[PDB]
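Participant: This structure is in structure tokens; I'll ask about it shortly.
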2 protein chains.
Amino acid sequence: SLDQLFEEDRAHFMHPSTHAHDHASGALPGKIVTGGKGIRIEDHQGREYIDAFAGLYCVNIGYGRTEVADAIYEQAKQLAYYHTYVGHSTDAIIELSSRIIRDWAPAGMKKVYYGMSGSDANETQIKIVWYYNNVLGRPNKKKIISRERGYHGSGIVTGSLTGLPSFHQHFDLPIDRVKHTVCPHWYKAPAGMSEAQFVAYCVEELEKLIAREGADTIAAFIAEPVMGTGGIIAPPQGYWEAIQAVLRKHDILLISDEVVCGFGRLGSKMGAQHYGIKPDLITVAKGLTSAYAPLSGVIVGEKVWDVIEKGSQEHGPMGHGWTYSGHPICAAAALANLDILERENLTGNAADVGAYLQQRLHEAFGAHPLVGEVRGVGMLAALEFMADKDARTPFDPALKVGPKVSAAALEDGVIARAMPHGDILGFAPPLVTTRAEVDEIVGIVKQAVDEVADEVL
Amino acid sequence: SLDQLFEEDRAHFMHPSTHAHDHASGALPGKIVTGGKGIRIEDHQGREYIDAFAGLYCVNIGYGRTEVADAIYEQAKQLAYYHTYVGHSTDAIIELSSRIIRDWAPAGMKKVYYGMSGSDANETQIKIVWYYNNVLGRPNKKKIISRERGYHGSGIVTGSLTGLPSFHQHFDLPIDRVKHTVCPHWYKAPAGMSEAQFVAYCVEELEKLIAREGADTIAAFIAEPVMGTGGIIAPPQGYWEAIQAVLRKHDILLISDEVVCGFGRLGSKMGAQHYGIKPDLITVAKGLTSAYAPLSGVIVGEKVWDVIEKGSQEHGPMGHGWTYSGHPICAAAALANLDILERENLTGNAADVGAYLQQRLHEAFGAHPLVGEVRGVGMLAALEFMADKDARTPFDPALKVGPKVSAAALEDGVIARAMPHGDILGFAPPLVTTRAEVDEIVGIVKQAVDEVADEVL
């Protein structure tokens with residue numbers, strides 16, 4: 001019975017990112033998702049939705065892939081689990097590691113360590129960074145630089161890396177070793193700065209932070225190539241070249257957080273290849289399995305890996321492991337997911353349909369009175385709604401313009417997320433999305449945007 | 001080809017808890033696990049082993065459960081994934097939450113929050129603890145008391161909770177808010193103390209810590225009912241009653257870490273019921289799914305849940321979520337795992353065969369010159385090897401007596417783990433293990449123990 005399921009839900013299920021009281025009282029209504037196929041999901045009332053967010057930037061090959069279900073099933077039958085401690089493996093996790101390195105990761109990458117979430121992967125990253133510096137005899141070189149509006153997970157250390165205040169409030173974050181530099185969002189740059197000047201500004205602010213803290217105290221810089229949960233914010237022209245030069249100069253490791261950008265999302269293998277980023281370490285999750293099973297990766301470069309090997313020679317085995325590191329069913333899901341990405345050339349589809357997505361959104365919304373900025377890269381896009389387009393004056397947050405546009409689209413059967421800490425409607429459709437489906441999506445969103453504009457303008 | 005798989009393994013797979021250099025060079029040989037049934041696994045050379053450790057205290061229903069494979073498959077086909085953000089669900093995760101609370105958790109438990117690892121679950125715990133005190137206007141009440149030899153995960157915050165130095169080395173742990181009190185190991189008590197005196201000693205040491213730090217600065221006490229990775233250390237008689245009274249007196253929350261003890265391991269539903277522990281919060285993983293899929297739980301009591309609800313009323317939705325929180329295939333695995341535990345009464349089997357395990361080990365090893373102590377509870381057991389049994393003098397660690405006994409048993413087809421930071425052979429067999437299999441296990445270990453005794457005595 002549905003009523004009983006919702007009652008049990010309210011009574012006993014603690015959801016992620018859900019108003020605890022309102023959910024439990026029934027004021028925030030529950031929804032049960034019962035199925036999905038391609039880019040469409042179905043709920044408990046039999047309503048069907050076009051999921052223009054692919055879950056949470058993650059159902060990249062689309063819904064209802066029996067090919068992935070079968071691969072999971074065959075592994076679960078043969079050997080659902082053994083540990084990978086003390087050199088133990090399955091054939092699946094070995095094959096996945098070689099495939100990730102050979103076919104998806106940028107040059108200079110060597111090893112992969114496995115977890116289950118982007119959050120646990122970035123936890124592993126910080127442990128590796130501190131280990132690296134300790135074994136090199138640099139005990140002070142431990143601080144991590146992140147960026148405002150960055151998203152790097154929902155833990156204590158990883159939530160500190162995150163630069164969005166909802167992940168800090170009442171959790172005593174950020175910890176002292178995590179510092180944040182500027183959100184490289186050209187649209188909101190100081191008034192009348194060219195793109196080039198804004199990049200110079202970003203560089204100078206990073207230099208200033210490094211001078212305040214001491215380069216000798218800073219171990220790493222973590223960043224998403226394009227910021228996801230922070231609002232689909234692409235880097236300015238020249239940003240990655242300029243930032244990389246600063247980091248090289250001060251001997252600061254670069255972590256590319258590819259949890260959203262990885263595995264074809266931008267129309268390249270990862271954001272790193274897309275922007276010519278040469279990181280020392282890389283975090284992956286989401287599109288690694290298209291969410292068919294939970295799996296995360298830390299991709300270790302040659303430079304860091306050699307220090308890890310030397311660390312082991314001097315100090316014995318590194319004290320790091322998760323019970324389910326390398327989980328066989330999750331590895332199997334990943335392998336089938338990569339087969340599909342490769343066989344259907346979804347990276348190429350993401351480039352083609354992604355450019356179509358950008359073009360259509362600019363046509364529909366580039367002159368719309370509600371829309372301050374249309375932005376995106378490959379198969380990520382967003383509309384940011386603003387009260388004064390020219391002066392870049394936001395709406396009063398209490399007005400909930402982003403959530404309102406999202407809720408209106410949802411009434412008409414499109415899921416596009418109201419992004420946090422702003423009035424931003426985000427798009428992250430499956431990489432199998434067609435040009436026709438883009439038009440259908442944009443059409444429904446157009447009506448949603450007009451409707452809210454009628455209310456608030 | 002196997003040779004090529006091992007080459008790829010060495011080149012590209014970073015294992016948990018594995019000597020990085022020695023593994024990569026081939027000095028630490030790899031092993032591929034290809035299958036398994038009941039309590040037995042098979043490797044790449046076709047050797048078969050009795051796994052007396054159930055992976056890592058987790059393959060509780062045994063290997064090769066096609067029933068669990070089928071349930072995983074049916075969910076993966078219907079809907080492998082959607083998020084559970086903003087009140088979204090599957091029927092599977094709702095059913096699991098009601099079943100955990102109604103049929104497994106002790107009295108007073110209300111809600112379950114889902115992750116993928118015991119480590120991410122204890123990360124969630126600490127966030128909950130800090131949130132709880134912040135919303136109550138107690139900003140200074142944040143320190144966490146753990147115990148020496150405790151095992152609570154492998155992150156930065158969770159590795160700090162862990163009381164074993166390998167998880168701290170070169171990671172700058174423990175963090176400042178984590179403090180550690182005594183390992184309640186009666187065998188190693190101050191010389192000549194009765195069990196009751198040792199409990200009083202534990203209480204006084206906890207009181208002393210609380211006085212040093214200030215009760216008003218201490219938020220929680222985390223503990224495993226029986227310590228797992230720290231060496232299978234059962235609490236002394238009266239310990240849990242005495243400690244709980246201290247914590248209640250000082251208004252310190254109690255987190256029962258049931259990652260190993262949960263779901264029948266001790267012959268009770270959880271360690272909490274086994275020892276009459278009434279915790280405020282509970283961590284579960286491992287036996288929740290019998291490792292068939294990665295899933296963890298944070299079970300929130302009524303007292304903490306009420307404050308979470310009030311927090312949401314005043315401050316909006318809590319900033320906490322993992323992408324894969326409530327993952328449908330993992331929920332489905334858990335449901336099938338619980339069906340099996342219940343239908344085959346494996347809790348009862350664990351009680352019966354577990355008592356048999358303790359009896360047989362005491363008969364075989366209670367007078368053995370190599371063995372300082374035989375200990376265990378239900379389906380956890382251990383032998384600790386000591387140079388002087390009466391004086392409780394350990395072997396020189398360089399002698400590697402624990403690892404040597406483990407390696408000898410492994411040659412004869414039994415997997416029993418050499419536990420960290422000591423000479424301890426641990427046992428955590430699947431809950432389907434029979435009395436006859438116990439005898440077989442003990443017999444092989446007997447030979448291994450004799451062989452090493454011949455070398456070192």
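A note on labels: chains of the structure tokens are A, B, ... as shown, every chain counts residues from 1, and ligands are counted from 1 in their shown order.
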Tell me, as a PyMOL selection string, which residues lie within 12 Å of residue 336 (chain B), counting only C-alpha atoms; anything in the same chain fewer than 6 positions away does not count.

Facilitator: chain B and resi 61+65-75+92+95-96+99+287-293+329-330+342-343

Participant: Just the residues within 12 Å of region 35-45 of chain A, please, counting only C-alpha atoms, with nothing from its chain fewer than 3 positions along; format it as a ChimeraX atom specification.

Facilitator: /A:1-3,5-6,30-32,48-55,58-66,413-415,428-434,437-438,441 /B:74-83,88-91,328

Participant: Please save C-alpha atoms of the selected residues as a JSON list (two decimals), in the first residue's frame.

Facilitator:
[["chain", "number", "residue", "atom", "x", "y", "z"],
["A", 1, "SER", "CA", 0.00, 0.00, 0.00],
["A", 2, "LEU", "CA", 1.32, 3.43, -0.91],
["A", 3, "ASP", "CA", -0.10, 5.20, 2.12],
["A", 5, "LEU", "CA", 4.96, 3.16, 2.56],
["A", 6, "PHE", "CA", 4.75, 6.93, 2.92],
["A", 30, "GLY", "CA", 7.44, 12.21, -0.47],
["A", 31, "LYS", "CA", 7.86, 10.75, -3.93],
["A", 32, "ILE", "CA", 8.58, 7.14, -4.85],
["A", 48, "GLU", "CA", 6.42, 10.20, -16.36],
["A", 49, "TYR", "CA", 9.22, 12.84, -16.36],
["A", 50, "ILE", "CA", 12.04, 13.85, -18.67],
["A", 51, "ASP", "CA", 15.01, 13.84, -16.31],
["A", 52, "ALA", "CA", 17.12, 16.68, -17.61],
["A", 53, "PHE", "CA", 19.44, 16.24, -14.55],
["A", 54, "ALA", "CA", 20.28, 12.51, -15.01],
["A", 55, "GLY", "CA", 19.59, 11.90, -11.31],
["A", 58, "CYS", "CA", 25.16, 10.78, -13.00],
["A", 59, "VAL", "CA", 22.79, 8.54, -15.02],
["A", 60, "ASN", "CA", 24.97, 9.28, -18.04],
["A", 61, "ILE", "CA", 24.17, 6.29, -20.29],
["A", 62, "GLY", "CA", 20.44, 6.64, -19.48],
["A", 63, "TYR", "CA", 17.94, 4.59, -17.47],
["A", 64, "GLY", "CA", 16.98, 0.93, -17.82],
["A", 65, "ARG", "CA", 20.17, -0.50, -19.25],
["A", 66, "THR", "CA", 19.57, -4.24, -18.93],
["A", 413, "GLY", "CA", 7.05, 16.80, -16.70],
["A", 414, "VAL", "CA", 10.64, 18.15, -16.85],
["A", 415, "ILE", "CA", 13.17, 17.67, -14.01],
["A", 428, "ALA", "CA", 22.73, 17.81, -16.76],
["A", 429, "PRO", "CA", 20.82, 15.47, -19.10],
["A", 430, "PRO", "CA", 21.87, 11.92, -19.89],
["A", 431, "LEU", "CA", 24.60, 11.76, -22.54],
["A", 432, "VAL", "CA", 22.17, 9.77, -24.78],
["A", 433, "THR", "CA", 19.82, 12.75, -24.99],
["A", 434, "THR", "CA", 18.89, 13.66, -28.58],
["A", 437, "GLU", "CA", 14.67, 15.79, -26.68],
["A", 438, "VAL", "CA", 16.62, 19.02, -26.10],
["A", 441, "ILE", "CA", 13.06, 20.15, -22.73],
["B", 74, "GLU", "CA", 15.57, -7.40, -10.23],
["B", 75, "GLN", "CA", 16.21, -3.98, -8.68],
["B", 76, "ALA", "CA", 18.94, -3.15, -11.14],
["B", 77, "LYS", "CA", 16.52, -3.96, -13.95],
["B", 78, "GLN", "CA", 13.59, -2.03, -12.54],
["B", 79, "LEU", "CA", 15.48, 1.01, -11.24],
["B", 80, "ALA", "CA", 19.19, 0.78, -10.42],
["B", 81, "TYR", "CA", 19.25, 4.35, -9.23],
["B", 82, "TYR", "CA", 17.50, 7.49, -8.42],
["B", 83, "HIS", "CA", 18.50, 9.93, -5.68],
["B", 88, "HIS", "CA", 12.47, 10.97, -2.91],
["B", 89, "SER", "CA", 12.49, 7.17, -2.31],
["B", 90, "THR", "CA", 12.18, 3.65, -3.55],
["B", 91, "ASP", "CA", 9.88, 1.17, -1.88],
["B", 328, "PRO", "CA", 18.34, 0.99, -4.63]]

Participant: Which residue is closest to chain B? Choose from A:120, A:258, A:148, A:216 and count only C-alpha atoms.

Facilitator: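 Looking only at the distances to chain B, the closest residue turns out to be A:120.
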
Participant: Can you pull out every residue within 12 Å of residue 174 (chain A), counting only C-alpha atoms, but drop anything in the same chain fewer than 3 positions away, and send it as a list in words?

Facilitator: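 The residues that qualify are residues 143, 144, 145, 146, 147, 148, 154, 155, 156, 157, 158, 159, 160, 161, 162, 163, 164, 165, 166, 167, 168, 169, 170, 171, 177, 178, 179 and 180 of chain A.
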
Participant: Quick one: everything within 9 Å of residue 205 (chain A), counting only C-alpha atoms, minus sequence neighbours fewer than 5 positions away in the same chain. Send it as a PyMOL selection string.

Facilitator: chain A and resi 181-182+200+210

Participant: Output C-alpha atoms for every residue in the selection just made, as a tab-separated table (two decimals), in the first residue's frame.

Facilitator:
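Output file part_9.tsv follows:
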chain	number	residue	atom	x	y	z
A	181	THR	CA	39.95	31.45	-3.03
A	182	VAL	CA	37.59	33.09	-5.53
A	200	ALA	CA	44.58	38.24	-13.69
A	210	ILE	CA	49.53	31.86	-0.87

Participant: Can you tell me how far CA of residue 242 (chain B) sits from CA of residue 188 (chain B), in Å to one decimal?

Facilitator: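 Atom-to-atom, CA of residue 242 (chain B) and CA of residue 188 (chain B) are spaced 19.2 Å apart.
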
Participant: What does the structure give for the distance between CA of residue 12 (chain B) and CA of residue 113 (chain A), in Å to one decimal?

Facilitator: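 We find that CA of residue 12 (chain B) and CA of residue 113 (chain A) lie 9.1 Å from each other.
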
Participant: Identify, on the basis of only C-alpha atoms, every residue whose closest approach to region 297-310 of chain B does not exceed 6 Å; exclude the query and any residue fewer than 3 positions from it along the same chain; express the result as a list in words.

Facilitator: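 So the residues in contact are residues 20 and 21 of chain A; 108, 109, 110, 111, 112, 113, 114, 121, 280, 281, 282, 283, 284 and 313 of chain B.
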
Participant: Excluding residue 15 (chain A) and residues on its chain fewer than 6 positions from it, collect all residues at most 8 Å away from it, counting only C-alpha atoms, and give them as number ranges by chain.

Facilitator: B: 84-88, 113-114, 321, 325-326

Participant: Write out as a PyMOL selection string the set of residues from region 211-448 of chain A that DSSP, computed on the backbone, places in alpha helix (DSSP H).

Facilitator: chain A and resi 211-213+239-250+271-275+302-315+328-343+346-365+401-411+435-448

Participant: Which residues come within 8 Å of region 381-387 of chain A, counting only C-alpha atoms, excluding same-chain residues fewer than 2 positions away, as an NGL selection string?

Facilitator: :A and (231-232 or 357-358 or 365 or 370-379 or 389 or 392-395 or 401-402 or 422-428)

Participant: Quick one, how far is CA of residue 348 (chain B) from CA of residue 199 (chain B)?

Facilitator: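 These atoms are spaced 29.2 Å apart.
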
Participant: Taking only region 248-355 of chain B into account, list the residues labelled strand (DSSP E or B) by DSSP (computed from the backbone), as number ranges by chain.

Facilitator: B: 253-257, 281-284, 296-301
